[PDB]
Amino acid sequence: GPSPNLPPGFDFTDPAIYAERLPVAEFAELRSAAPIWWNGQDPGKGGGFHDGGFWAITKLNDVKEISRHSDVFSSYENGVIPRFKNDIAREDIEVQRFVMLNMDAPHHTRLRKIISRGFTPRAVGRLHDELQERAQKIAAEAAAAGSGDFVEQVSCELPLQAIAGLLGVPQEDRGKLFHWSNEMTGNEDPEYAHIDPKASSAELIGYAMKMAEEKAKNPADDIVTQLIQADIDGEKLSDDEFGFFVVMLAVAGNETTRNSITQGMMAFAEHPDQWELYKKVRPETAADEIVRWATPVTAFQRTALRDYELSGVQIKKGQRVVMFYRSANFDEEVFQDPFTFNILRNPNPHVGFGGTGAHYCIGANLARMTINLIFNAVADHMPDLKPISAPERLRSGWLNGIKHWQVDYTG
């Protein structure tokens, strides 16, 4: 059929778009007119990739199919982040292969089994009561300030405390853990231009290796002991593997949940009836509708290891496919009224945590718990909050971020 009605050279990974808005109409145009579409990229404008473009994947069933066929659609070959600075050196993409998100089977399989021996429902539930306390204190301190930046005073801290609690980081070390975690989220936005994620990653690995050595001597009620203790087959994270796991957790556990919280509250501010309902019933289905609405990871990619036909389109060996979770999470064929914010939506088969498959978010239930606990505290302590001014968005080609959002907590 006809080509989609998009500006010439439009690139769905263009960070300049996301600094200002989400390209919702443009994704909807692809879903209607070209649901798998070649996103050409001019020379040097590939965000670190120099292959002329990628396939934009906009439908939820195609996202699931790619996520399920990890034997064809590789994470390792080019990593899963689809956009860096245009001049990033290839070696700096490939160094990301040392974290489990960017590996393939069998290396991925071994690492995930280890990381899931201690990253369990029991381990996550053991954090509930401390995170609930922490959420209530966060919302109370914010309410006591009267007004301020919702991102920094409400959204930022609880995800970081969840990472610290899961790893057993002593309170005296949490400040520098949080600092490293914030540094690692990138430097593509002018506000963050001076951050050095490479150096912070190196500092975190050093910290984590020391922790691994200490905790081997003195086991404790954290997941760490389960990770570095050999099983029957002698399987365990090496000290440097634990280091790369901590890097993985420090980055993955921070900005995505933060941005869920900020955008969830933005949604409630635009849909006051859903906010009234939330405050009365406190439904935990809210968390998934908030992750669907927020889609904190706009997109992750894969690389085809062989020719593969996907929904009538021929994907060729070596081509990238980019899974636009932001489009799939609003797919009219899967969701009833996707552009309605409905905190009781159930079932809610969103792909905010990725498609079912080998790389499905191991932190999904921790994130959901974090979200439910912070929104209960917000409802308890600042039920009448109202925004002062517009959110400031983050310049990124794949993360959907809110840097700042001024709010009057007393309303």
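What we label the rigid core is the largest C-alpha set whose atoms superpose within 1.5 Å from one form to the other. Position 1 is the first residue in the sequence shown; the rest follow in order.
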item: Which of 125-133 and 112-120 strays further in 8 other deposited structures of this protein - Cα RMS after rigid core alignment; value: 112-120
item: Stretch with larger C-alpha RMS deviation in 8 other deposited structures of this protein, core superposed, 245-253 versus 316-324; value: 245-253
item: Other entries lacking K217, at least a third; value: yes
item: Unmodelled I261 in at least one third of other entries with both flanks present; value: no
item: Residue range whose averaged C-alpha B-factor is higher in the record, 365-373 or 44-52; value: 44-52
item: Between the two ranges 376-384 and 346-354, the one averaging a larger CA B factor in the entry; value: 376-384
item: Of the residues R326, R97, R306, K85, the one carrying the largest Cα B-factor as recorded; value: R306
item: Among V80, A135, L227, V297 - the residue whose C-alpha B-factor is largest in the record; value: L227
item: Third assignment of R112 from its chain's C-alpha B-factors; value: middle
item: CA B-factor placement of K217, once the chain's modelled residues are sorted into thirds; value: highest
item: CA B-factor ranking of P338, expressed as a third of its chain; value: middle
item: Within-chain third of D189 by Cα B-factor, per the entry; value: lowest
item: Where the record places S181 (Cα B-factor, split into thirds across the chain); value: middle
